[PDB]
Structure formats: structure tokens, C-alpha cells
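Here is the structure we will look at, set down as C-alpha cells.
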Amino acid sequence: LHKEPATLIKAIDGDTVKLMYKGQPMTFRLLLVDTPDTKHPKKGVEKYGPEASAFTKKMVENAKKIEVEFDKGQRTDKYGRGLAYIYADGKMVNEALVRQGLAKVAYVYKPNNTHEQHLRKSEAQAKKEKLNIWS
Ligand SMILES: Cc1cn([C@H]2C[C@H](OP(=O)(O)O)[C@@H](COP(=O)(O)O)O2)c(=O)[nH]c1=O
Ligand SMILES: [Ca+2]
């Protein structure tokens, strides 16, 4: 896979961020995970929703460098969002959320599953530690 640079435009929520990519603003959705929704229609927030959102917003707004890494299949979803692994100063945001119990490994669609193992191990560790959502 290969990492390419991108620039933060804005964090939307725990798993969705807007970036300027190759000079065009696009919304990206983090591959392989799912954070709790905060703007569920009328609902206004699932437990850990707000928590997942600030974590991601904090990681990306404080980075010196952001990089996106596409997997091997489809690079956009049916909503037109780019599907990638996002790295903030070389730290993968997708894994950081899972490791904290603020996301679960979800939407696993072959062939975009290069880091599925890696993420599954971090989830196991967050479950074995009873963090956030596994609390
Ligand atoms: C991460 C991911 C989500 N999606 C789809 C599945 C879900 O569609 P539906 O809206 O049909 O449920 C939705 C999950 O997105 P959100 O978690 O942002 O809702 O996006 C993909 O199509 N491929 C992906 O890899
Ligand atoms: Ca979500």
C-alpha cells in the first residue's frame, strides 16, 4: 500500500474527516472501524459518540503531518467518501480508536482488509482491558 500526504480541512466525527487530497477537498471514512454516531437522526448521540469524535479531532488537529493509505480494492464507498487508513504523525488513527475501545472493527469488505489482523488484535486487547465501549 503507500502513504500519500493530505491536509486537514476538518474532522466530522469519530470515523469521518474531510481532507484536501491532491488539491481537492474530499470526505474520508476510516477503513475497518465504526465509532458511535453522534448525529443519529433526532437521537443526537450514541454512547461514546462524543468521546470517539473528540479523540479523532484531537489526534488530527494536533498532527504536524497527515497521510492517507488506500487499501487494495474500491477507494470510495457508495456515498463518494474516500476509504483509507489515516495516519497522524505516523500513528494510524483507525488503530488508535480500536485500541482505546472507542471503535469496533466493522465493515470488513475483501479485498480492503490489509490491516484487519492488526486491528483485530488491538480490539482484543481493548476488550481484555474493558475500555469504553467494552466497559
Ligand atoms: C467503512 C465502510 C463503510 N461503508 C458503508 C456501509 C454503510 O452503508 P449504509 O449507510 O448503507 O449503512 C455505511 C457505514 O457508514 P457510517 O458508519 O459512516 O454510517 O457505509 C462502505 O460501503 N464500505 C466501507 O468500507
Ligand atoms: Ca460510524
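Every chain in the C-alpha cells has a letter given in the order shown (A, B, ...), and although residue numbers restart at 1 in each chain, ligands are simply numbered from 1 in the order shown.
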Show me which residues sit within 9 Å of ligand 1 when counting only C-alpha atoms and all ligand atoms, and put them as an NGL selection string. :A and (13 or 15-16 or 29-37 or 74-79 or 81 or 83-84 or 106-109 or 112)
Could you tell me, as a PyMOL selection string, which residues of range 13-130 of chain A DSSP assigns to helix (DSSP H, G or I) when given the backbone? chain A and resi 49-61+93-99+116-128
Residues of the last selection are to be written out with C-alpha atoms, as a compact mmCIF listing (two decimals), in the first residue's frame.
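Written output follows (part_34.txt):
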```txt
# COMPACT_ATOMS: atom_id res chain seq x y z
CA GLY A 49 -20.17 9.05 20.22
CA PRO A 50 -18.89 12.36 21.57
CA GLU A 51 -15.81 10.65 23.07
CA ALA A 52 -14.77 8.96 19.76
CA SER A 53 -15.29 12.31 17.94
CA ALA A 54 -13.04 14.32 20.25
CA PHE A 55 -10.35 11.68 20.21
CA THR A 56 -10.12 11.73 16.40
CA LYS A 57 -10.48 15.55 16.26
CA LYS A 58 -7.65 15.84 18.81
CA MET A 59 -5.33 13.43 17.00
CA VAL A 60 -5.74 15.05 13.56
CA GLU A 61 -5.84 18.70 14.65
CA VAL A 93 -5.91 6.80 13.65
CA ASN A 94 -8.02 3.64 12.82
CA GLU A 95 -5.96 1.53 15.29
CA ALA A 96 -5.65 4.18 17.96
CA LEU A 97 -9.54 4.33 18.21
CA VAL A 98 -9.84 0.49 18.37
CA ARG A 99 -7.03 0.27 20.85
CA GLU A 116 -7.76 -6.49 9.59
CA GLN A 117 -5.47 -8.71 11.70
CA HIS A 118 -3.62 -5.83 13.23
CA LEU A 119 -6.85 -4.11 14.14
CA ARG A 120 -8.46 -7.31 15.46
CA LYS A 121 -5.54 -7.81 17.87
CA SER A 122 -5.91 -4.23 19.20
CA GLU A 123 -9.61 -4.77 19.66
CA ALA A 124 -8.98 -7.98 21.65
CA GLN A 125 -6.63 -6.02 23.89
CA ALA A 126 -9.27 -3.21 24.45
CA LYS A 127 -11.87 -5.95 25.19
CA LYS A 128 -9.43 -7.77 27.61
```
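For range 9-42 of chain A, the set of residues given strand (DSSP E) by DSSP on the backbone reads residues 9, 10, 11, 12, 13, 16, 17, 18, 19, 20, 21, 24, 25, 26, 27, 28, 29, 30, 33 and 34 of chain A.
With distances restricted to only C-alpha atoms, A:85 is the closest residue to residue 17 in chain A from A:111, A:91, A:131, A:85.
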What separation in Å, quoted to one decimal, exists between CA of residue 65 in chain A and CA of residue 80 in chain A?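 For CA of residue 65 in chain A relative to CA of residue 80 in chain A, the distance reads 24.2 Å.
One distance worth recording is that between CA of residue 133 in chain A and CA of residue 43 in chain A, which is 18.2 Å.
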Residue nearest ligand 2 - candidates A:110, A:115, A:64, A:39, atoms counted: only C-alpha atoms and all ligand atoms: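 Of A:110, A:115, A:64, A:39, the one nearest ligand 2, counting only C-alpha atoms and all ligand atoms, is A:39.
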